[PDB]
Each structure stands twice: as C-alpha cells, then as structure tokens.
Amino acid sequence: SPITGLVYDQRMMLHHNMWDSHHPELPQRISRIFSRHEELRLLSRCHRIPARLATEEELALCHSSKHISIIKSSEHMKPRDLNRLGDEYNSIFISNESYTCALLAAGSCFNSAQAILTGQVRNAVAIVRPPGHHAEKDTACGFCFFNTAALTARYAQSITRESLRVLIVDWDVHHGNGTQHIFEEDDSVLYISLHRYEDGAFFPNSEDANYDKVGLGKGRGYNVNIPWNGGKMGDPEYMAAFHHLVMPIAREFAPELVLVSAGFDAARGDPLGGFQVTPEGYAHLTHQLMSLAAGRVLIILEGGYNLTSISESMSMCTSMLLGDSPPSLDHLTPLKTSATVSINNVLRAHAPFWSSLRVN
C-alpha cells in the first residue's frame, strides 16, 4: 500500500531569537503546522519517521568544515557573542540551540529520504526549522545555517549512487541561492526555483536569481530560475509555470527522487512574500510532482511566516501525498502580462537544453 512518512521533532523549536521574540522565523511555525496535521487527522494517517541529528561528516557533503565549526561553536556562546556572530551574516539570529536544531532539520530529512529510497514509505513531509535554501557551502544566510535540501540530495546519492537523479523544486517565494550554487556545475541535480525577483530588488537581492542563470559546465541547462516581476502572483501564474516549464523539464530529466524546498511564503496572507498562492494551489503543485520519480517526493519546509496560512498550505500538501483527491484547478485564467513575460523568458533561455519545451 502507498504510505506517507512524516517527520517532526519539537526540539527544533529551541532555535529562537533572544532579541526579538516576534521575529517572523518563529519556533511556533513548526508546532502550529504539526497541530493542524493532528486537527485534520492527517498525522494519524502517516508513518512517523524518527528525527535524528545530521553528523558533521554528512554536513560536509555540502558545507566547508570552517562554516560547520563556526556554527557548532555558537552552542557554547554567551548572548553578546551570539549577537556579534549573527551580525556577521545577512539576516541571521543565533541562540545556543541553533546548531542542534539545524542538525535535527537535516538529520530528519536524511531519515525521510532514506525511508523513501529503501521503500519504507512512498513519499514524506518534513516539518523542520530553521530553513536551509539560502545557506551556502561556506556561510549562513537568510535564517538558514545549513542547506537541508541540498544536503538531502547529496545524502540520497551517498546511500544509492553518485548519479542518482534528484530534482529539487523550490517553491518558497525567495530564490534558494545556496541550492543553485551548490549544484550549479552538476547535471545529477536539477534545480528549479520559482521566486519573486523584482529585477533583483527582492531578497536575496542578486541577479543570480534571473532566468538567464541556466547552470555552468556539465550543469548547463540544469538550473531553472522562474523569476517573477510586477507584484502579486497567485495560482494561475504558478499553474502556468508548472504546465509550461517545471513539468516538461522534470519529465525530460526523469528524476529518481523529488525534493521540494517547500516554503509557504508565496501563500495568501504572508507579509514576507506578498503573493496569493492558495492551499488548493499548493495541493495542485504537490499532486503534479507526485507523477514524477514513481511518486518519490519529500516535501521540506523552508520559509512561510503566516502561522495559519502555512499550517493550512502544508496540511494540503500532506493530504495530496496521502492520496486524497486533488483540487479541481484549470488553466483558464489569463495571467498577469509580467508573468507571461517571465515564463516566455525562461522558455527562451531553456529551449536549447530541453527539446520538449514550446517556443512561447
């Protein structure tokens, strides 16, 4: 029978901001999501995967030992040193429990990828924090210490074969700069991100997120950026991006495992995204990805700051993984012109690499 795995560990709530108790990357993000899965009776339908700590050797699959050593050292720091260290990065706060929580987020995901790859479960959801996709090989960034999704892709290959094909779909409203960079020269890991860009004025504020960054060397064509410009986007724009880009490229790539860097900050009500993707929209995207890799899909929480929006959106993704009927959504709504421009720009930049793509 198809089983859905779920991993959650309340110890990941220990990572906190001691200088701003209302910082948006709240410990309550994961507990509210977990409680909503209980209320909707989704949790009881899942196989509970145990959380674990990632080892330093596993962190070294993507990160430098210098970076690992510095984050590890924060476990023993006084508040004044935690404040100073956090200030060395772009948008990071650290507590003595941060390192442990980042290890738990990655270890939880490794156990989930292992459960899927060994056939213990068909697919899985990881309700983890702190997030990972902005973390680079050598630095923490944007609430992220280690790149959980990137590490999970490498971990998956370490327990199978180096050439295991992993698709990472990053639907967090922000560009996963760390994920792109880690796999930029790699043809074994296809990275597809959709993200608010605003001509480089939206976090992480780099032209690296533009559609013309297609990958390097043997990785040329294996990096797909779908940047949004022109304000609020929603379900029609995301469905069109999946229809014309994400799914044709994914099918041509033929992944053996699908990781979703599932931020829910493109959700309706999120003040850090300003977008309108609905829980039914996220459900549709999850169900489309389930048609890939024999259903081998692991959904990894990234960002998403409206407690109610993320709890509803992520629960709807789990509902899809469990085999519930997908929402009836169509492609009849006209897109905002700027979203058409964005999709056409990606189609043009990726036409050389992916024969199945349409011109416009």
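The first residue of the sequence shown is number 1, and the count goes up from there.
Look at the mean CA B-factor for 160-168 and for 82-90 in the entry; the higher one is 82-90.
As recorded in the PDB entry, 328-336 is the stretch of 328-336 and 39-47 with the greater mean C-alpha temperature factor.
Comparing C-alpha B-factors across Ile310, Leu298, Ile30, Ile70 in the deposited entry, the largest value falls on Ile70.
For the set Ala105, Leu259, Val173, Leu216, the maximum C-alpha B-factor listed in the entry falls on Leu216. Among all modelled residues in this chain, the alpha-carbon of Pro271 has a temperature factor (C-alpha) in the highest third. Sorting the modelled residues of the chain by their CA temperature factor places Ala241 in the lowest third. When the modelled residues of the chain are ordered by their C-alpha B factor, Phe202 lands in the highest third. Per the PDB record, residue ranking by Cα B-factor puts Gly119 in the highest third of the chain.
Among the modelled residues of its chain, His195 has a C-alpha B-factor that falls in the lowest third, as given in the PDB entry.
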